[PDB]
């Protein structure tokens, strides 16, 4: 099964014309992140059939030289945002390795769908493109991954992400849920979460190769 077929079925079932017109006009008249050419990068680097793990984010980073179409990732030569710092701290405490780059393209290639629920945002405006239609799309993606794949790990950080358990068949799929790695929430249960070993233990339990979380 290919993204092409899944995107086709999703775009039959819902009219995205109004969204594509709006987004056309937005890129014309505003700074919109990430660059047009990266909106779907999470899909390009992680074909449907290579999905081992789904990590949900909210909306892309809204500062320059930050978002590139992956959840949590930023550009290689960009400041490490706090949530990533805490992801990297736990990863060192959990797996052992210390990541020197804040780019998560290697994760995506390993089989981690780094899917933001909302795939665009206006500069400096958190949630600016919430409910222009991106959640309709993303929800169908999450539903598709659950319906057609056999045994996938969904990692759900914070309650907004955890609302998507509705779309997951929790009898087929592994659910790793915890408080957000944001510095507001991290010390109240994200440290010692061990989402990375837990994911790999589950993948080996169903005959899938571990994800190499390190570089």
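Numbering follows the first chain given and starts at 1.
The deposited model assigns a higher average Cα B-factor to 185-193 than to the other stretch when 46-54 and 185-193 are compared. Higher mean CA temperature factor between 113-121 and 69-77: 69-77, per the PDB entry. Compared with the other modelled residues of the chain, the Cα B-factor recorded for residue 206 ranks in the lowest third. Residue-level temperature factors show residue 150 in the highest third of its chain, judged at the C-alpha atom.
Per the PDB record, residue ranking by Cα B-factor puts residue 36 in the lowest third of the chain. Annotation for residue 108: CA B-factor lies in the middle third of the chain's modelled residues. In the deposited entry, the Cα temperature factor of residue 161 places it in the lowest third of its chain's modelled residues.
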